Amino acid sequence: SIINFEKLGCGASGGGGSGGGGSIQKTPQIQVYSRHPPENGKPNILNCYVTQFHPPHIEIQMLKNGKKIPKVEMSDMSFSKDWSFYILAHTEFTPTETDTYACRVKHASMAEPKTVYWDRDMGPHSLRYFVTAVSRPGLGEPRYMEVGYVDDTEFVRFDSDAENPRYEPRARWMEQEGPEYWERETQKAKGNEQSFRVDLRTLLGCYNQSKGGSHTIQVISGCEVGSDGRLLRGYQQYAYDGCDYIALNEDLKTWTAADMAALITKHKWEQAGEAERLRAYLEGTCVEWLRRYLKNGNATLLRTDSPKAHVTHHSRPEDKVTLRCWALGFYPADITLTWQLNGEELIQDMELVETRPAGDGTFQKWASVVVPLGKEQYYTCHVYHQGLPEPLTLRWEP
């Protein structure tokens, strides 16, 4: 159960650089890839994973031979611990030898849309809430969202963009909570929404920003608990336009303000005993609810799916070849892939892709090395994942 938020009540920012006020934007990183190994003539799903961007507004289109693909589904948007947003667009498709696919992204951080072509050569637990408030001049009321996570698995979500917005289960094991829970969480969310609506207004004044621009407030709030059930760490951190604003220190008693506007918030909260209020929530309410949720989803929350790995072989100019080690169908996302040349791990030549969602609950990742033609048997790929009885070791098999 998320905490009830207290307004920030900012002061003049005196902006002369980085503050959370008028954010310097983050450029989207894009990966375009299929969910399953591509086989000409076989139905598949093409994914366009977009990450690391800010502001949250973004336009994504998928293209086939240069023409917009009509039905492209979009996952709900989320953001990461570094405040940046991410989303997954995907479409059903049947690849052929000559059809070209691409993903085009328009975002305020770039002068023009970026088009990326699909190339297919071959113990401890936590309860965290990620909150987003985004003003939208000319597009309606501010959008407000509360997204809850138990150990990185989304389990609840409230999104104001509806006629009767309500807290909703995002994990099937939450269906164990009765009507009272949903009703209470929903009303609390609607109350929190009001506090953020007010803060968006006052921050504009503090940062001397135009009433015509869109701005974002983000919060990460929650607790991390050990296997013995004791609180390991408590979190209450805010960001304005993607930049740190104010955060509760690990002592759960003091605040760290990031700019002059936040200094005023700190003083107000100091005088009002806000840290004391958060400490109580973090050490009690937060931990108690986390225990309840962990009970509710128990096995689901400790599940693993081991990676299925294989190495593919690709030509290069002259006497070189690329060996690519693939890890597919694994869960959770944490994984390590390495390449070794007779006992040593390679850094120099290795290329990697950020771990990405297959779109079915599992993840994918690959790591490659460029090696001399004829020396493929001198290299071995190593795959490390918590679901494996032991690390996988593999080599190119012609």
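All residue numbers refer to positions in the sequence shown, first residue = 1.
The entry models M122 and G123 with a gap of 10 or more deposited residues left without coordinates. Look at the C-alpha B-factors of 125 to 133 and of 95 to 103. On average they run higher in 95 to 103. The PDB entry records a higher mean C-alpha B factor for 230 to 238 than for its counterpart among 213 to 221 and 230 to 238. Taking only the listed residues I58, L46, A333, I347, the entry reports the highest CA temperature factor at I347.
When the C-alpha B-factors of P142, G148, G191, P179 are read from the PDB record, the largest value belongs to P179.
Per the deposited record, the Cα B-factor of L394 falls in the middle third when ranked against the other modelled residues of its chain. Sort the chain's modelled residues by C-alpha temperature factor and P38 lands in the highest third, per the entry. In the deposited entry, the Cα temperature factor of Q31 sits in the bottom third of values across the chain's modelled residues. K308: CA B factor lies in the middle third for its chain, per the PDB record.
When the modelled residues of the chain are ordered by their C-alpha B factor, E354 lands in the lowest third.
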